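Quick heads-up: it's one chain on its own, the form deposited in one PDB entry, in structure tokens.
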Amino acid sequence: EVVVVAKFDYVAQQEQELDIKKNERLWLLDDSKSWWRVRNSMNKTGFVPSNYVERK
């Protein structure tokens, strides 16, 4: 499993996106396009932009 941390807040605009807060711990499901699929601490999933998260 790969953990990434949110660099910035992101507000979901589409049902398949995920709301994230800066410094939130996330798990990376798919990094093969510019929408990255992530999972949060409560096992909700969705897409966030690649530039919003990084491996610490």
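The term rigid core refers to the maximal set of C-alpha atoms that superpose within 1.5 Å between the two forms. Residues that one form lacks are left out of the comparison. The numbering used is simple: start at 1 and walk along the sequence shown.
Missing here is the form deposited in another entry; even so, the following discussion is about that form.
- By 3 Å or more, the C-alpha separation between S32 and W27 shrinks in that other deposited form relative to the form shown here.
- Between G46 and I20, the Cα spacing is larger in that other deposited form than in the shown form, differing by no less than 3 Å.
- In sequence order, the one region between this form and the one not shown where at least three consecutive C-alphas each move 2 angstroms or more after rigid core superposition is 30-55.
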